[PDB]
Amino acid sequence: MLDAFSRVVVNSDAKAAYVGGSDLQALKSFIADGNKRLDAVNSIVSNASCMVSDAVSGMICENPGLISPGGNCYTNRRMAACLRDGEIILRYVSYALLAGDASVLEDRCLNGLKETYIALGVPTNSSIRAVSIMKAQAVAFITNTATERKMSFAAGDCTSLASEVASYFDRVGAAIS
């Protein structure tokens, strides 16, 4: 896996190029905005059980067929596997936000997930709805605008961090669509 810094190094090595002052402004800004990124990750991990519970329950209340017989969340075994998948996806999205790079998500989570869901009969459309609800929750927590819980932060702009996490959630739906 790569992080924001080794991503720059991989791009430079492709041109046999040293990383110099020209190339470092984004990375110096990444460092200067580092406390905000640690806060963003804390806001998600601190609410992760409620996010998954609420996102999967949401997917179901909107499409109650999922819990009918022959539905894919019918039985405790299936529902537990689905909640497990919501937590795994959220885990790898949180790694991507900590690292400032999607590689851990793409390589260890999304690689071969479409093929797995196809084989298993896991509805990729319902999955994407669960992920879209977790995107909505994640942006609310990073920006301290969740309706049912606020956390403690020095006031500042986290727009970029909210945009980035939204982009990671969007890759999941891109990979399994």
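Heads up: residue numbers just count along the shown sequence, starting at 1.
Quick one: higher average CA temperature factor, 136-144 or 23-31? Between 136-144 and 23-31, it is 23-31 that shows the higher mean C-alpha B-factor.
If you average the CA temperature factors over each stretch, which comes out higher, 112-120 or 43-51? On average, C-alpha B-factors are higher across 112-120.
Third of chain Cα B-factors occupied by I128: For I128, whose C-alpha B-factor we compare with every modelled residue in the chain, the answer is the middle third.
Within this chain, which third does the Cα B-factor at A155 fall in: lowest, middle or highest? Its C-alpha B-factor belongs to the highest third of this chain's values.
Chain-relative CA temperature factor third for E106: Middle third by C-alpha B-factor.
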